[PDB]
Amino acid sequence: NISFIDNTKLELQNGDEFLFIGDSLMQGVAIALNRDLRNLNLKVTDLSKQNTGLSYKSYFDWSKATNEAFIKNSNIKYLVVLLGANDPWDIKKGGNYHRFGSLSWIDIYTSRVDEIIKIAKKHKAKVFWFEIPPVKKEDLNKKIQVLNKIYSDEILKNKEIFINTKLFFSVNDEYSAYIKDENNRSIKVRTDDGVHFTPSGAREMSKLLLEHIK
Ligand SMILES: [Cl-]
Numbered sequence: 115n116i117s118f119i120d121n122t123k124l125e126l127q128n129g130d131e132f133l134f135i136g137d138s139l140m141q142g143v144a145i146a147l148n149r150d151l152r153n154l155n156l157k158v159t160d161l162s163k164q165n166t167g168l169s170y171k172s173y174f175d176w177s178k179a180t181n182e183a184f185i186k187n188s189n190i191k192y193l194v195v196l197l198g199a200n201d202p203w204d205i206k207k208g209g210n211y212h213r214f215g216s217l218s219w220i221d222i223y224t225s226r227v228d229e230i231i232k233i234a235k236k237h238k239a240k241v242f243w244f245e246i247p248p249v250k251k252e253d254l255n256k257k258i259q260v261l262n263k264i265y266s267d268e269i270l271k272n273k274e275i276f277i278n279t280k281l282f283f284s285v286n287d288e289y290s291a292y293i294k295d296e297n298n299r300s301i302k303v304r305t306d307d308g309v310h311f312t313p314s315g316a317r318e319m320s321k322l323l324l325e326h327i328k
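The sequence shown maps to residues 115 to 328 in the entry's author numbering.
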């Protein structure tokens, strides 16, 4: 249900910059997170890109894109990651076929997650990795939880930071388009496709990252 609750708070160092990577979920969170980090005099490079994921690595390789971004800017010391909504499907590699959630599939996906973390560590950067919050479609939601377990396990092993989102975007342990705001009033945080964020939802995601910074 919940692997662990991450209470880590990072102290930010002068001149250090942020890099965002991920899919259209990160694009939506990025709008809010950029504004919040801008307000703290922090520079942001936002590479988030629609229709990407670790499972689509042959179409767009986030490990290559991330490595190149660090190469172009030695001042990036914080990597923020939110992806996976496009990823929970069988993977074919040549004649080899890997059914989603099978042991070999998990090996491949875990390796792709680890590659991202190792690239940040090689460039002396720390990693904030968002848990994908629940989604409305039951079948997709079940698969997303497999992804989130992998992210959390890899982040734990590499001693980076995992941003818990499941509780904050759930009501009575299930998906909800609405949550309570800071004053206990109901606010719409998910768009009607049951996946993406409203502006208020994006700000709530951004707040969860900011709660891992001091
Ligand atoms: Cl997307």
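Each residue gets a CB set at the ideal place from its N, CA and C atoms; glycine is no exception.
**OP:** Give the range of the alpha helix (DSSP H) segment to which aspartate 221 is assigned.
**Re:** Looking at the DSSP string, the run of the alpha helix (DSSP H) that includes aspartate 221 is 217-236.
Original post:
Taking DSSP as the reference, what is the three-state secondary structure of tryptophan 243?
Top reply: Looking at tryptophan 243 - three-state DSSP - the assignment turns out to be strand.
Original post:
In whole angstroms, what separates the C-alpha of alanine 234 from that of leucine 161?
Top reply: Looking at the two C-alpha atoms, the distance is approximately 15 Å.
Original post:
Taking 7 Å as the cut-off, does the CB of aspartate 137 come closer than this to any heavy atom belonging to ligand 1?
Top reply: Relative to ligand 1, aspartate 137 has its C-beta within less than 7 Å of a heavy atom.
Original post:
By how many angstroms is the C-alpha of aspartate 175 removed from the C-alpha of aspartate 228?
Top reply: If I take the Cα positions, the gap works out to 14 Å.
Original post:
According to DSSP, what are the bridge partners of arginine 304?
Top reply: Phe311.
Subject >> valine 195 - DSSP class collapsed to helix/strand/coil >> reply: The answer is strand: DSSP assigns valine 195 an E or B state.
Original post:
Who are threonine 159's beta bridge partners in DSSP?
Top reply: Answer is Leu133.
Original post:
Can you tell me whether DSSP reads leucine 322 as helix, strand or coil?
Top reply: If DSSP states are grouped into helix, strand and coil, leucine 322 belongs with the helices.
Original post:
How about the segment 188-200 and the segment 123-139: do they share at least three Cβ pairs that are nearer than 8 Å?
Top reply: Touching, per the Cβ criterion.
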